[PDB]
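Participant: Let's see this in three dimensions:
(chains A, B, C, D, E, F, G and H, ligands or ions: 3)
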Amino acid sequence: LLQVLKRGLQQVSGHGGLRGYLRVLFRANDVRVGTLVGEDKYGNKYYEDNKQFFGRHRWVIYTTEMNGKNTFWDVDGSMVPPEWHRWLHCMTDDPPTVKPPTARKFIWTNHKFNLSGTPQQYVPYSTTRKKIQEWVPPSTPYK
Amino acid sequence: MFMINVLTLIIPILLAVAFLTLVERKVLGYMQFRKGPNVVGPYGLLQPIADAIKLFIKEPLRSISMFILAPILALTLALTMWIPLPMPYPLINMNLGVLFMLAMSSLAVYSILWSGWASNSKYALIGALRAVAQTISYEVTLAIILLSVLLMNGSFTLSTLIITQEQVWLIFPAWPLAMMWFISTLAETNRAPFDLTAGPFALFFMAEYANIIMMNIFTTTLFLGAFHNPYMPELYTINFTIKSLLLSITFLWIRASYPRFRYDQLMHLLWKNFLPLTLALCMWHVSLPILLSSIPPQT
Amino acid sequence: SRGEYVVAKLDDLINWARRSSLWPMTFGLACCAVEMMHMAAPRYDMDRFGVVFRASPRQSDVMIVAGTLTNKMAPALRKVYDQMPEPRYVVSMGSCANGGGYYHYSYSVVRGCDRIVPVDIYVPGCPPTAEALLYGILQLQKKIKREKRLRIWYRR
Amino acid sequence: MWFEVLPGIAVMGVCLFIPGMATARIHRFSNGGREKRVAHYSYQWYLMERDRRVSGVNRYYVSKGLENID
Amino acid sequence: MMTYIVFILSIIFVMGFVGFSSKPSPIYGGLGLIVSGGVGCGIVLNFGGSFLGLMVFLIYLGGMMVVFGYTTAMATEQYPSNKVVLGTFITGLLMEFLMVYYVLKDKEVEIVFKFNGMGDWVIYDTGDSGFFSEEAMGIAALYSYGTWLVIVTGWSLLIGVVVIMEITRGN
Amino acid sequence: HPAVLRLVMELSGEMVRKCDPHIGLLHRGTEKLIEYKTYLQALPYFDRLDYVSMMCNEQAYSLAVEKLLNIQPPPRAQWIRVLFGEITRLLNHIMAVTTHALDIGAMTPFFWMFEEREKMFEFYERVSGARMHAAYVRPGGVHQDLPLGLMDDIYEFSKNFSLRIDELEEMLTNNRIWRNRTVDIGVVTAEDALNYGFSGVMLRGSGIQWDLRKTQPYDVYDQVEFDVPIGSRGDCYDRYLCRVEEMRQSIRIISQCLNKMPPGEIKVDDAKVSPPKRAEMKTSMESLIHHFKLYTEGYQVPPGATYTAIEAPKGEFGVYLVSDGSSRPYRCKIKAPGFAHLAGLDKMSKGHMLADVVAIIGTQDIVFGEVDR
Amino acid sequence: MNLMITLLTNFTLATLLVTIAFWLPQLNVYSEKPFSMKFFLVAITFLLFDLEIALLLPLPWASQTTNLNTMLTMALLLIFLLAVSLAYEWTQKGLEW
Amino acid sequence: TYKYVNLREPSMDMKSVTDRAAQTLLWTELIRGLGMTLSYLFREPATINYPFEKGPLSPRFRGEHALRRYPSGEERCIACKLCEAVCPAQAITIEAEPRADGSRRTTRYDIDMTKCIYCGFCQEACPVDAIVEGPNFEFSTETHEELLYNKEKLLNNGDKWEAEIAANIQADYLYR
Ligand code: SF4
Ligand code: SF4
Ligand code: SF4
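Facilitator: Numbering: from 1, shown residues only, chains lettered A, B, ... in the order given. Ligands and ions are numbered 1, 2, ... in the order given. Dropping the coordinates below:
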């Protein structure tokens, strides 16, 4: 029984201190840190452990204002870059720093996340020009 | 200091029932494969607190005097029914307290019927009438079994009961009587497998679960416990509290497992299985002290 | 200024208490009800968030319309909708519910559920994954976070 | 695991521990350290009334021990 | 909050009796009779009273009003006031206030009696060495002395059971 | 109150007079919409008219079009179709058990077997990509065959699931009060079983030794070892027992199907009905023409009417096609076991009480989507 | 009167809980819009068994007296009569469904 | 080949009938049920912490309805209307015009994400794999206007990630 009491102390002390323990506790839940696999732009950290079952493999820890939205709290999905989105959904067996990229020059680096309920959100319209081209009345008079 | 005693009783009933709700929800969660709830705050405490708050800010709508008078009776029972419970020094040294338990359970039946009348002529009120009938079919069993388990204790005073429980527990001289009584506690708490069944829902819900904690504390006092050592009563308080906690977890744990009866199967089972067996165990408990020459010291 | 500070902290407190748990009633006609039951699963808990399945309409916090609304269902749908407490929010789950879906060009099918109740969250998919529905419920919580109710009452 | 259900159990057990502790300390605190004299019978009440009478303090628990022998 | 606490609870007791004998709707009458039974229990426990008053409180409140409200709710409706009911309440309240007037402002009240209306601590014992109760060995008779009485009582109740099932369609 | 249906029960007190289901609260127009589409377009209507069975109805419609069209599916596709049909039968039976459990009370094995069903949804996801509405079964074989790394996962699930169904029989099934709930409710005369047109697990559970797999084997079911349980009495405890034993026989069929998987073929070798694979499409000309016209117009069908029926876990799932010689169907109807089981509710509820009526509805695998057509 | 003080405090605090449940929300926003016989047998059945419980239950206070034979005799007679009433309605198929 | 059930009689041997009587009057298998439920109590739960730990998926999941473009080139779309020809909900709306360069292109390309039943026929019917079902699952949009994707929405959507979609296609161009 003492070893279970022993291993929980290393989760507290070895995490980085009681500041970092309480931080990741009140972020959502995590006390299962101990692998420290990857990290990425927007500063997010990616932890893959093996001794847990299928599903607790890969977990993400976000940052504070990666865009300026106070995302210390209130984290969301679509705050992931795409290669880590292939990673963490358990579609593969490779951390995406093995080979991320593609050699095509159109791909963003902002990765504009979910935005419904903002002043900057999508609107539908028509991608179609003039339909029937109404008749132009001439400007000159007859008397 | 006496109103301070009252406040130290009825301020932890709110915290007790709310933390009971988080405990039963977490316990059901781990009975299944669920960590519910743990995300909302540190191990889910602010979630029941703020959820109680949200339930108080629901703004509902609507006979009005009856709708007032039912949950006020329910919650004043939930307050006024922890008075003689002898956590070592009880609040009022009643000469008889178990009959007060029976009387205020009947007042809870009043509460349920008044709510059913306030429900304004519904198939729900027919069902609530049936629930009143099943709830009233239990105070026979509880009073007769309680009579037999105090018969080995002489007086109604319940301090004599805490004297009786020093040598061995009272669970050993009456175990099947205790089993039937614990099933009757499941019965009186109106929860699983004994079901079914607007506002103020927080106050009514509070009344039901304070009734649960009362029945479990009274179960723990009636059948087992520890020794009242004076000039350190907190030892008895701790051991009593631990045993009552384990019994309440077992109570929700038995609720976690079985489908609920049919109403007519419930009546059939109640009468034709508990009621002759109660009478037979009770007449044997009557003839027992005359055949062991051990009648308790009725002072 | 200090009254503004008090109203801001109190409004944030009561909005936080509202977005705390939010137990719905599971309306659930068609196969999207099965997927609601599968987001009640052990592998995706509603109960981690205070979300409880409870068919009691008079204590319903939000309401999840999921399934295929019909002409015979719609009057009873709004009659259930009106016997609900006044802070109410609607999650339309499912391609059928949020715009008719596969049975769109048909009689006896209401074209979505805009035609009965106001809708707040649209989560599409056929069925929407429990994953996606839970992302929708988190976005509902953040909609509740941005509400400024008592601030508008104070500057009213 | 159920290591996490134990804080809820412990906090609710603290909420169950508090009223008995408060009651017992108030009895031992507002009766001069002596336990509050439980009384059920008219004999004991008569004894308690003559006890609070002969003390002179108009408090029954002062108990005026073995001094008025002379 | 004075000497006459038994008298005040008696006044509220008479108030409850007038409250359901002013002929209301019967569930309101059951409410008022629950009030009356509670305060009569208060009166008898003021006389002490430790056993018998709270005893039959179980049978009276714990066994009768529940069945009365049960039958009242299930049988008829009176589903949604009249001057005769409130007028009976007016007359009962006025006669109660007249009794309060003639008790507190005079010496004695005589309808055909001699009531000395004052502090009713009289009569009471001078603190004898009872050491059980009166009620304790009182109702702890019926078994060493009550041969005939409880036999005919239980016999009457068994006949009551068979009468009830016959009327409600024996067998 | 959730179950969703209208029921008008006129009754004498707590017993009965006459109880009638008003259904039609859910009517969508599936038959008319299939009458205005092609076959390949209107396959997902067949996927979701029953929505719990997600491959049995696929299998039924594909066998309907093959039976009308006279094209034998290739053997490896037949064995894969058999494997997914038995997985789907397993899933529908375990849902029926758990939904009767939560409809009566019995809160937790619901959650337990839903964890098992989440594992099987993971298998469906890896195979097709859908969560639940995996179309995946074209007329004329299985589209887009299963990836590498699946059969051993099925093997591990099979062992774990035999243990979990043993633990379910530990929890319930000689449970005292659930048996006391269900003893003698739902008596069914065999004449009433025939004239009222009950099919499947009702006929399995009361009397007649009648199974479509063993009377008209529509596929390679004639090569696997199993036995359908016969019901002894007209009640639902016994019918529960036959459901659980059909689950375990489905586990046996899954084990033999893993042991008998030939490495043959994916689809038919008929490039006028099944579309060609994409590489030979983008190389060859005829393949491109067949892809193009097969997806615009659809394959033509010889005219006539046919009927076929297979084992849905509710019963005789019948699909009846009327096909004018064309690229479109002309009419289709679905003989529904749920509709047939809902038909005899007066005889199943004449001599009981309303809580037991709710138990009668719950113990028959109803969805009220398939009851609609 | 100590218990009267307890009853008064609990009643008043519970009424304050009810008025917090009702008259708290100051945001006044938008105001908007046959019986059976076998129910009755159970109540009278309970009633008569409760009356015989009232006859039985002062038994343990009586346990200290000399006439033990008559006590045991009439006590067994009372429980036997109660069980005879139960067996009478049991064999005359009364409380059945 | 059948196995009919409920073939046991209650044995009139005294051992079996007294074991069933002690089972009835001692409440045994109810305690056995409690033992099974405690056996599932002390296990470890299969609950992924969702907003951090996202659930497992497949390489062939059907999500976003994105579009693609050529490597160092313009839109992979041709506007040959096969996807509107096969779309069973008829959610696809295509109006096509060629530009002045001569190659055939579009004007308007609409997906009713309301009407979309997410088959995959438009993925498995386009001859060039222009429209591709995305990997993700998050649409979750507050207004009914905003779930009606236009062509430029799909282009800014499919250009939000290429290497994801191309990685899935390179993993999955042989089974289909
Ligand atoms: S959207 Fe799809 S899964 Fe949901 S009810 Fe409609 S057909 Fe069923
Ligand atoms: S997306 Fe593909 S199928 Fe659709 S019009 Fe464009 S090229 Fe044709
Ligand atoms: S998945 Fe189906 S409904 Fe959706 S756009 Fe593609 S073909 Fe149309």
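Participant: Now do the helices in chain A.
Facilitator: Ranges of helices within chain A are A:2-13, A:18-25, A:82-88, based on DSSP state H.
Participant: Can you add distance to residue E:168 and give those helices back as a markdown table?
Facilitator: Quick note: C-beta positions are derived from backbone N, CA and C, even for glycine. Formatted as a markdown table, the helices of chain A follow (distance: least, Cβ to Cβ, whole Å):
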| stretch | distance to residue E:168 |
| --- | --- |
| helix A:2-13 | 65 |
| helix A:18-25 | 65 |
| helix A:82-88 | 71 |
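Participant: and the residue in chain H that ligand 1 sits nearest to, what are its phi and psi?
Facilitator: Proximity of chain H to ligand 1 (Cβ to the nearest ligand atom) peaks at residue H:117, 6.5 Å away. Main-chain dihedrals, residue H:117, degrees, to the nearest 10: phi -90, psi -10.
Participant: For it, give its distance to residue C:22.
Facilitator: 29 Å (Cβ to Cβ, to the nearest Å).
Participant: Residue F:366 now?
Facilitator: 31 Å.
Participant: the strands in chain C, which residues?
Facilitator: Assigned by DSSP state E, chain C shows strands spanning C:25-26, C:62-66, C:89-93, C:121-123.
Participant: Just say which of those strands is most tucked in.
Facilitator: strand C:121-123 (a mean of 27; mean count of other Cβ atoms under 10 Å in any protein chain shown).
Participant: And it, what does it pack against?
Facilitator: Secondary-structure packing of strand C:121-123 (3 or more Cβ pairs under 8 Å, 6 or more residues apart in numbering or on different chains; DSSP states H and E): strand C:89-93, helix C:130-145.
Participant: Name the nearest residue to the closest residue to chain F within chain A, ignoring sequence neighbours.
Facilitator: Closest residue of chain A to chain F, Cβ to the nearest Cβ: residue A:54 (9.3 Å). Of all residues not flanking residue A:54 in the chain, residue H:56 sits nearest, at 7.0 Å (Cβ to Cβ, 6 or more residues apart in numbering or on different chains).
Participant: Over to the one you found. Which of the three states is it?
Facilitator: Recorded secondary structure, residue H:56: coil (DSSP: H, G, I helix; E, B strand; the rest coil).
Participant: State the three-state secondary structure for residue F:7.
Facilitator: Residue F:7 - assigned by three-state DSSP - is strand.
Participant: show me the contacts for it.
Facilitator: Residues near residue F:7 by Cβ atoms under 8 Å, 6 or more residues apart in numbering or on different chains: F:19-22.
Participant: 6 Å instead, please
Facilitator: residue F:21 (Cβ atoms under 6 Å, 6 or more residues apart in numbering or on different chains).
Participant: Next, work out how far apart it and chain D are.
Facilitator: 41 Å (Cβ to the nearest Cβ, to the nearest Å).
Participant: Would you mind naming the residues that bridge with that residue?
Facilitator: residue F:21 (DSSP bridges).
Participant: what's the spacing between it and residue A:137?
Facilitator: 68 Å.
Participant: host element of the residue positioned nearest the centre of chain B?
Facilitator: Geometric centre of chain B, nearest residue: residue B:215, 2.2 Å, by Cα atoms, centre = their mean. In this structure, residue B:215 is located in helix B:201-223 according to DSSP states H and E.
Participant: Tell me the helices and strands packed up against that helix.
Facilitator: helix B:12-31, helix B:64-80, helix B:176-188, helix B:234-255 (3 or more Cβ pairs under 6 Å, 6 or more residues apart in numbering or on different chains; DSSP states H and E).
Participant: and the host helix or strand of residue B:5, which residues are buried?
Facilitator: Assigned by DSSP H and E, residue B:5 falls within helix B:2-10. Buried residues in helix B:2-10, counted by 16 or more other Cβ atoms under 10 Å in any protein chain shown: B:5-6, B:8-10.
Participant: of the residues you listed, closest to residue B:234?
Facilitator: Checking those against residue B:234 by Cβ to Cβ gives residue B:8 as the nearest, at 14.4 Å.
Participant: Excluding residues flanking it in the chain, which one is nearest the closest one?
Facilitator: Excluding the flanking residues, the one nearest residue B:8 by Cβ to Cβ, 6+ apart is residue D:22, at 3.8 Å.
Participant: what comes up buried for the strand ranked longest in chain H?
Facilitator: Counting residues, the longest strand found in chain H (DSSP E) is strand H:108-112. Under the neighbour-count criterion of 16+ other Cβ under 10 Å, strand H:108-112 has H:109-112 buried.
Participant: Can you give the strand pairings for that strand, parallel or anti for each?
Facilitator: strand H:93-95 (antiparallel), strand H:148-149 (antiparallel).
Participant: Which among these is found nearest to residue E:51?
Facilitator: strand H:148-149 (79.8 Å).
Participant: CA atoms only: put whichever helix or strand comes after the closest one into CSV for me.
Facilitator: The element immediately downstream of strand H:148-149 (helix or strand, assigned by DSSP H and E) is helix H:151-158. Provided in CSV are the C-alpha atoms of helix H:151-158 (Å, rounded to 0.1, in the frame of the first residue of the first chain):
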residue,chain,number,x,y,z
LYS,H,151,-16.5,26.9,-53.0
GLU,H,152,-14.2,29.4,-51.3
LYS,H,153,-15.1,28.0,-47.9
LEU,H,154,-14.0,24.6,-49.2
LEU,H,155,-10.8,26.0,-50.7
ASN,H,156,-9.8,27.8,-47.5
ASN,H,157,-10.9,24.6,-45.7
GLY,H,158,-8.8,22.2,-47.8
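Participant: tell me the angle of helix H:151-158 relative to strand H:108-112?
Facilitator: 70 degrees (axes from the mean of the first three to the mean of the last three Cα atoms, to 10 degrees).
Participant: Just the buried positions in the helix or strand that comes right after helix H:151-158, please.
Facilitator: Once helix H:151-158 ends, the next helix or strand along the chain (criterion: DSSP H and E) is helix H:163-171. For helix H:163-171, the buried set under the neighbour-count rule, 16+ other Cβ under 10 Å, comprises H:163-165, H:167-168.
Participant: ok, how many other residues are close to residue C:156?
Facilitator: 6 (other Cβ atoms under 10 Å in any protein chain shown).
Participant: Tell me how many other residues crowd residue F:149.
Facilitator: With other Cβ under 10 Å as criterion, residue F:149 counts 8.
Participant: What parts of chain F come near ligand 3?
Facilitator: By Cβ under 6 Å from any ligand atom, no residue of chain F approaches ligand 3.
Participant: Helix or strand: which one has residue F:122?
Facilitator: Counting by DSSP H and E, residue F:122 is found in helix F:107-127.
Participant: Partner strands of whichever helix or strand comes after that helix and their direction?
Facilitator: Sequence-wise, the next helix or strand downstream of helix F:107-127 (DSSP H and E) is strand F:137-138. Counting by DSSP bridges, the strands paired with strand F:137-138 are strand F:141-142 (antiparallel).
Participant: would you say residue E:81 is within a helix?
Facilitator: No. With three-state DSSP as the criterion, residue E:81 is located in coil rather than a helix.
Participant: For burial, what's the neighbour tally of it?
Facilitator: 7.
Participant: and if you look at the one 3 residues further on?
Facilitator: Taking other Cβ under 10 Å as the criterion, the count of residues near residue E:84 is 9.
Participant: Next one: whatever residue of chain A ends up closest to ligand 2 from ligand 3, what distance?
Facilitator: Closest residue of chain A to ligand 2, Cβ to the nearest ligand atom: residue A:127 (14.2 Å). The gap separating residue A:127 from ligand 3 is 17 Å, by Cβ to the nearest ligand atom, to the nearest Å.
Participant: tell me which residues in stretch E:109-122 are buried?
Facilitator: residue E:109.
Participant: can you list the residues that contact it?
Facilitator: E:3, E:102-103, E:108.
Participant: Okay, and the residue nearest to residue F:307 when sequence neighbours are not counted sits in which element?
Facilitator: Sequence neighbours aside, residue F:320 is the residue nearest to residue F:307 in space, at 4.7 Å (criterion: Cβ to Cβ, 6+ apart). Assigning secondary structure by DSSP H and E places residue F:320 in strand F:316-323.
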